[PDB]
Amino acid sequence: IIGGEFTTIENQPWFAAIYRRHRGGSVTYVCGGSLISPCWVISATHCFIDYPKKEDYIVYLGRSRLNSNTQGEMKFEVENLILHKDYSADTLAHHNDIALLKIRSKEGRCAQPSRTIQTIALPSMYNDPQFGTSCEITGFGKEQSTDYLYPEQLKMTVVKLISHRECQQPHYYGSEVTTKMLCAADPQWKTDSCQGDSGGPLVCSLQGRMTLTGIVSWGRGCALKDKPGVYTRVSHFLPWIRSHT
């Protein structure tokens, strides 16, 4: 996350931190995700496409730090890793950038809500907030595009929904932006998602409800003018979510 503020998991308790175990037993961060029901985390297929084997992944809920443990976290294996059979990415855009992870603890259990862990609601079909609505994004992604290190503490920021009209302008994204996407950005272009934030939530209040409107998917650079963050548009993926879940 570029700009924004350090936070804690209690303020974003549906956030999931997803890691990959390596050949030697080292473990590195992969991407974010969001807890949509006790046994299910939703994320982005691009995060997993190169290494699609469920057994390598670890999911933490209730975790506020990247490389250190925090009080109230819970650790899960991945029982099912469901990628979108239609994922494609041209040079910039990723299409059908959505993934599901069925989580299970080594004692065979799913998540339990707590001070640090809660589910986030999905939007009803095709139901998105009005353009200009202020939403939140969160993640362990880079604080500057040019950085090589990741922040150790979770970060969040606020961005506003932009219309497809606005987002489709040749000086924005053009048709690179399909109706299965959503654009969001800072009116001043100072804060944005970045590498490592993919898979994480775009959360909006929609008809009284904290809702997973989007999933961090792609964009040109990070926090560049006329280059919003693009999100997988969750309102347009319910049937896929229901059938796989």
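The first residue of the shown sequence is 1; numbering continues from there.
Higher mean CA temperature factor between 212-220 and 181-189: 181-189, per the PDB entry. Higher mean CA temperature factor between 108-116 and 150-158: 108-116, per the PDB entry. Ranking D90, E143, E73, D97 by Cα temperature factor from the entry places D90 first. The PDB entry assigns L66 a C-alpha temperature factor belonging to the lowest third of its chain's modelled residues. Sort the chain's modelled residues by C-alpha temperature factor and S235 lands in the highest third, per the entry. In this PDB entry, the Cα temperature factor of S34 sits in the bottom third of its chain's modelled residues, the lowest group. For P13, the recorded CA temperature factor ranks within the lowest third of the chain's modelled residues.
Per the deposited record, the Cα B-factor of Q130 falls in the highest third when ranked against the other modelled residues of its chain.
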